[PDB]
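*Asks:* Below: the sequence, then the experimentally determined structure.
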Amino acid sequence: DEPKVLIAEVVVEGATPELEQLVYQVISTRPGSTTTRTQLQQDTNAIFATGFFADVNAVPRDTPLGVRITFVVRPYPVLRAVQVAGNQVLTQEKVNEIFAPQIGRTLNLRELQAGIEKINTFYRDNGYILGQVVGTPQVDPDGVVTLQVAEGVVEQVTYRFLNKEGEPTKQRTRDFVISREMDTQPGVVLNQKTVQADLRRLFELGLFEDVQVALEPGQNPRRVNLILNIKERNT
């Protein structure tokens, strides 16, 4: 863990005033302090961990005073808007409301992740069990952030009839009999409350020994094929 250098000045470049005090607060390197390469590296890690910066570099130069450490920092842009692709039950207006407190100051990726968590909580609490933000947020240099969601859209619903052993068997009941009990239909976003309700209506018909629900990925792999595995009461 050698060698050590004495520092004469520390400057922060590239930060707005609000953030520049933060940089000084989180680093340990001061004028008058002895540092190594490792510690300077840890200082850039600490600054990066604040969540405000796209890029952090520590640069040492020789000045008339002695050694300068310049921390060069490239903040994320001021946040101007957050827009979403692939949404249906999550409205752009709800997205605007979640992120309103952040608009007009430098974007912070920890705070963005807290908003992403608010979106996933909106899906989960409203019963859209599959719904969530997917991918990495796109941050454009003009301060507009784009997110993707996959809400759990039902591409198709497939009935599979099975005998007692669990092998395929000839269907007796007509498709309409089942379909007309179900609110879960192609094009809706899967909701665990509606699935439940649907299975209760299928039970109230008195026709099936078992109905089990299984999901397979759609053709669009962000969507689902809802499978009903159905064992009908014999003759």
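*Replies:* Ah, there it is. Residues are numbered from 1 along each chain as shown.
*Asks:* and the gap between the residue nearest the centre of the chain and residue 145?
*Replies:* Nearest to the mean C-alpha position of the chain, counting by C-alpha atoms, centre = their mean, stands residue 133 at 3.7 Å. Distance from residue 133 to residue 145, counting by C-beta to C-beta, to the nearest Å: 11 Å. To be clear about C-beta, it is placed using only N, CA and C from the backbone, and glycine gets the same treatment.
*Asks:* Same question for residue 159.
*Replies:* Taken as C-beta to C-beta, the span from residue 159 to residue 145 is 42 Å.
*Asks:* Between those two, point out the one with more neighbours.
*Replies:* For the pair residue 159 and residue 145, the greater number of neighbours falls to residue 145 (22 against 15), based on other C-beta atoms under 10 Å.
*Asks:* Just to be sure, that one is in a strand?
*Replies:* Yes: using DSSP: H, G, I helix; E, B strand; the rest coil, the assignment for residue 145 is a strand.
*Asks:* What residues are bridge-paired with it?
*Replies:* residue 82, residue 139 (DSSP bridges).
*Asks:* From residue 215, how far out is it?
*Replies:* Residue 145 is 30 Å from residue 215, by C-beta to C-beta.
*Asks:* how much space between residue 15 and residue 103?
*Replies:* In terms of C-beta to C-beta, residue 15 sits 20 Å off from residue 103.
*Asks:* Please say which of the two ends up with more neighbours.
*Replies:* The residue with more neighbours, out of residue 15 and residue 103, is residue 15; 21 against 14, by other C-beta under 10 Å.
*Asks:* pretty sure the more buried one is in contact with residue 74, am I right?
*Replies:* No: counting by C-beta atoms under 8 Å, residue 15 stays clear of residue 74, with 9.3 Å between them.
*Asks:* Show residues contacting stretch 46-62.
*Replies:* If you take C-beta atoms under 8 Å, 6 or more residues apart in numbering as the criterion, stretch 46-62 is touched by 5, 19, 22-23, 26-28, 40-41, 43-44, 67-76, 106-111, 139.
*Asks:* repeat for stretch 27-38
*Replies:* Contacts for stretch 27-38 (C-beta under 8 Å, 6+ apart): 1-10, 39-40, 42-43, 46-47, 69, 71.
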